[PDB]
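Shown below, as structure tokens, is a lone chain in the form deposited in one PDB entry; questions about how it binds or moves come after it.
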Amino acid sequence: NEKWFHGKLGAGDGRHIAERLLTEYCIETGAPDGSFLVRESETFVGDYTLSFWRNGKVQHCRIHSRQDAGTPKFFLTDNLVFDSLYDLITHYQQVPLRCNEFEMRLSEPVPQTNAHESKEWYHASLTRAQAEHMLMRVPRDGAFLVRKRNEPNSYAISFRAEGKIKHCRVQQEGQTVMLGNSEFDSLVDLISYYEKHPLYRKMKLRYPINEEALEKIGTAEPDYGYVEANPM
């Protein structure tokens, strides 16, 4: 499901963010040479760049994108042309890339750590009091949100459990997120697990809260009523 596709990386700092992302994944996990990602190009409108690992250095290759006869054509060199980025990546995963100086096959994909950012339950800027206030407006067990904390790589799941509002501390520790001692690959994956399994005393993550969700359910400032999550 396009794990290696990162889209736009802020602005056209995108090259440096790619490099950072790759150095982080490759050094923490001990990834092989050829570990990569695809993102939008900084210099070439409508093209992409394939950024990959080479023993501490990262190589950038332009993936030219044509619309010829209303049929997208992604390619690295005029000689070999593809129909999808999946085919190109999957082909260069098997056949080695020719880059003049060296040759290299694409290895493992470097995944995004920030898919949570677009999710409805995610607030990049919400104090604990602001989470509590919004959670008081939803008198429902299972109502939740994920809020970013002031420190980098630190979050909280703020939820309504048995009428009270409690808070769980989540920590991004490199390429995984930690909830106490429980480890997940991402904040997204943690939330999916806790939508199916109880986060705190038989309470699952049921209703994601934001301003739109409040217009639907939500009331007008009612009920004036950190915690350990369930392991596994």
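Numbering starts at 1 and follows the sequence shown.
In what follows, reference is made to the form solved in complex with a partner chain, a form of this protein that is not presented.
- Although the partner is absent from the chain shown here, 168, 179 and 200 each have a heavy atom within 4.5 Å of its partner chain in the entry with it bound.
- A heavy atom within 4.5 Å of its partner chain in the entry with it bound is found for one listed residue only; from 126, 89, 97, 156, this is 156.
- Proximity to its partner chain in the entry with it bound, defined as a heavy atom within 4.5 Å, singles out one entry of 105, 140, 133, 149, which is 149.
- In the entry with it bound, at least one heavy atom of residue 194 sits within 4.5 Å of a heavy atom of its partner chain.
- Of the stretches 168 to 176, 202 to 210, 51 to 59, 24 to 32, only 168 to 176 has residues with a heavy atom within 4.5 Å of its partner chain in the entry with it bound.
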